[PDB]
Every structure is written in structure tokens, then in C-alpha cells.
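Colleague: Sharing a structure with you now.
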Amino acid sequence: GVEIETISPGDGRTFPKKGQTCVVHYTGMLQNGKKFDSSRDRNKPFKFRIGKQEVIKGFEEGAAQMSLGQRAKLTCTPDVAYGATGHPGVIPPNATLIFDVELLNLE
């Protein structure tokens with residue numbers, strides 16, 4: 001249930017594929033709630049690859065539907081990330097996630 005709302009600029013053609021390690025200035029956001037995560041805080045913009053089930057399913061599917069330089073706005077359903085369990089103390093069970101995602105990557 002990934003719903004992309006792209007802030008326009010970028011190139012719109014450099015698409016993420018398998019075997020590609022990419023860099024995201026992500027920022028987590030809880031719906032009707034405060035923040036819980038920001039890659040802009042640590043200034044280490046989270047190098048990660050595609051397809052090895054490192055990230056959640058909602059962030060993984062939203063990553064493939066973007067391109068270089070773009071600025072998306074995810075809306076992750078509870079069932080794809082944590083909605084049965086919830087991350088203990090940080091993410092409550094059955095929560096709906098908001099992500100500010102900017103892709104400035106390699107490969």
C-alpha cells in the first residue's frame with residue numbers, strides 16, 4: 001500500500017535496480033504523532049543495497065519507484081512494517097508510518 005507523492009525535481013529515469021547500493025536522507029514520522037528517526041541527525045546518510053530484506057517492505061517498494069534527486073513522501077501501512085508486533089518502546093503496535101525520503105545515491 002505504498003503511496004508515492006513526489007516533490008518534483010530530479011531526473012525521473014535513473015531507476016534503482018538489484019545489486020545497487022543507494023543512499024537516502026530519510027526522516028521518519030509518526031502519523032498524529034512526533035518524530036522517531038532522522039538520518040539528517042547523525043549526518044551519516046544510511047548506505048544500503050536493494051533486495052536483501054534489510055529495510056521493511058514498505059520502504060523497499062517505495063525505493064524502487066523513485067529516481068535520483070527525487071523527494072518522495074511515503075505512507076506505509078501497518079501490515080508491511082510493524083503493525084502486528086511494533087518495535088518495542090519505539091513503535092506501537094498497529095501504527096501507520098510517514099517518511100520523508102530523498103534519494104541522492106550511487107549505483
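By order in the C-alpha cells, chains are A, B, ...; within a chain, residues start at 1; ligands start at 1, following the order shown.
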Do you know which residues are at most 12 Å from segment 99-107 of chain A counting only C-alpha atoms, after dropping those on the same chain fewer than 6 positions away, and could you put them as a PyMOL selection string?
Modeller: chain A and resi 2-12+14-31+35-40+45-50+58-60+62-77
Colleague: List as an MDAnalysis selection string the protein and nucleic acid residues near residue 56 of chain A, meaning an atom at most 9 Å away when only C-alpha atoms are counted, but skip any in the same chain fewer than 3 places from it.
Modeller: chainID A and resid 53 59:61 80:82
Colleague: Deliver the residues from the most recent selection as a file, using N, CA, C and O atoms, as a short mmCIF file (atom, residue, chain, number, x, y, z; two decimals), in the first residue's frame.
Modeller:
data_model
loop_
_atom_site.label_atom_id
_atom_site.label_comp_id
_atom_site.auth_asym_id
_atom_site.auth_seq_id
_atom_site.Cartn_x
_atom_site.Cartn_y
_atom_site.Cartn_z
N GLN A 53 16.27 -7.66 1.96
CA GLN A 53 15.29 -7.56 3.06
C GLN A 53 15.87 -6.91 4.30
O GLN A 53 15.54 -7.28 5.43
N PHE A 59 9.24 0.49 2.82
CA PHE A 59 10.32 1.35 2.37
C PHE A 59 11.05 0.75 1.18
O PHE A 59 11.61 1.49 0.36
N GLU A 60 11.05 -0.57 1.05
CA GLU A 60 11.73 -1.21 -0.06
C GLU A 60 10.98 -1.01 -1.37
O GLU A 60 11.58 -0.72 -2.41
N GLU A 61 9.65 -1.14 -1.33
CA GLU A 61 8.85 -0.93 -2.53
C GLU A 61 8.81 0.54 -2.94
O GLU A 61 8.79 0.85 -4.14
N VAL A 80 2.83 -3.96 6.55
CA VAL A 80 4.08 -4.16 5.84
C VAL A 80 5.30 -3.89 6.71
O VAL A 80 6.40 -4.34 6.36
N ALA A 81 5.15 -3.18 7.83
CA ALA A 81 6.31 -2.85 8.65
C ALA A 81 6.26 -3.46 10.05
O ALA A 81 7.12 -4.28 10.38
N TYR A 82 5.30 -3.07 10.88
CA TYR A 82 5.35 -3.49 12.28
C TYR A 82 3.99 -3.74 12.91
O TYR A 82 3.96 -4.03 14.12
#
Colleague: Grab the atom CA of residue 42 of chain A to atom CA of residue 88 of chain A distance for me, in Å with one decimal place.
Modeller: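 Distance reported for this atom pair: 21.9 Å.
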Colleague: Could you write out, as a list in words, all the residues of segment 8-107 of chain A that DSSP marks as helix (DSSP H, G or I)?
Modeller: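 Here are the helix (DSSP H, G or I) residues of segment 8-107 of chain A: residues 39, 40, 41, 42, 57, 58, 59, 60, 61, 62, 63, 64, 78, 79, 80 and 81 of chain A.
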Colleague: Using only N, CA, C and O atoms, please write the residues we just selected to a file, as a CSV table (one decimal), in the first residue's frame.
Modeller:
chain,number,residue,atom,x,y,z
A,39,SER,N,17.8,10.5,9.6
A,39,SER,CA,19.2,10.3,9.1
A,39,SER,C,19.9,11.6,9.0
A,39,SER,O,21.2,11.6,9.0
A,40,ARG,N,19.2,12.7,9.0
A,40,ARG,CA,19.9,14.0,9.0
A,40,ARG,C,20.5,14.4,10.3
A,40,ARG,O,21.4,15.3,10.4
A,41,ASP,N,20.1,13.7,11.4
A,41,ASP,CA,20.7,14.0,12.7
A,41,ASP,C,22.1,13.5,12.8
A,41,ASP,O,23.0,14.3,13.1
A,42,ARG,N,22.4,12.3,12.5
A,42,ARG,CA,23.7,11.7,12.6
A,42,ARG,C,24.6,12.1,11.5
A,42,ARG,O,25.8,11.9,11.6
A,57,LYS,N,9.3,-3.8,4.1
A,57,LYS,CA,8.7,-4.0,2.8
A,57,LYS,C,8.2,-2.7,2.2
A,57,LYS,O,8.2,-2.4,1.0
A,58,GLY,N,7.6,-1.8,3.1
A,58,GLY,CA,7.0,-0.5,2.6
A,58,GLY,C,8.1,0.4,2.1
A,58,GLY,O,7.9,1.1,1.1
A,59,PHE,N,9.2,0.5,2.8
A,59,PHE,CA,10.3,1.3,2.4
A,59,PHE,C,11.0,0.8,1.2
A,59,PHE,O,11.6,1.5,0.4
A,60,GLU,N,11.0,-0.6,1.1
A,60,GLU,CA,11.7,-1.2,-0.1
A,60,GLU,C,11.0,-1.0,-1.4
A,60,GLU,O,11.6,-0.7,-2.4
A,61,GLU,N,9.6,-1.1,-1.3
A,61,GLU,CA,8.8,-0.9,-2.5
A,61,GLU,C,8.8,0.5,-2.9
A,61,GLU,O,8.8,0.8,-4.1
A,62,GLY,N,8.8,1.4,-2.0
A,62,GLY,CA,8.9,2.9,-2.3
A,62,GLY,C,10.2,3.3,-2.8
A,62,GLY,O,10.3,4.3,-3.5
A,63,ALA,N,11.3,2.6,-2.5
A,63,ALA,CA,12.6,2.9,-3.0
A,63,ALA,C,12.7,2.6,-4.5
A,63,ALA,O,13.4,3.4,-5.2
A,64,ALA,N,12.1,1.6,-5.0
A,64,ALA,CA,12.2,1.2,-6.4
A,64,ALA,C,11.4,2.1,-7.3
A,64,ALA,O,11.7,2.2,-8.5
A,78,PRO,N,0.3,-0.5,8.3
A,78,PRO,CA,0.8,-1.3,9.4
A,78,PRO,C,1.3,-2.7,9.1
A,78,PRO,O,2.3,-3.1,9.6
A,79,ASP,N,0.6,-3.4,8.1
A,79,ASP,CA,0.9,-4.8,7.9
A,79,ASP,C,2.3,-5.0,7.2
A,79,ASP,O,2.8,-6.1,7.2
A,80,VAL,N,2.8,-4.0,6.6
A,80,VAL,CA,4.1,-4.2,5.8
A,80,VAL,C,5.3,-3.9,6.7
A,80,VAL,O,6.4,-4.3,6.4
A,81,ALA,N,5.2,-3.2,7.8
A,81,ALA,CA,6.3,-2.9,8.7
A,81,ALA,C,6.3,-3.5,10.0
A,81,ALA,O,7.1,-4.3,10.4
Colleague: Just how far from atom CA of residue 97 of chain A is atom CA of residue 1 of chain A, in Å to one decimal?
Modeller: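 Those two atoms sit 11.4 Å apart.
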Colleague: Just the number, please: distance in Å from atom CA of residue 90 of chain A to atom CA of residue 54 of chain A, one decimal.
Modeller: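 So the two atoms, atom CA of residue 90 of chain A and atom CA of residue 54 of chain A, lie 18.4 Å apart.
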Colleague: Can you list, as a count of residues only, all residues belonging to chain A that DSSP tags as strand (DSSP E or B)?
Modeller: 26
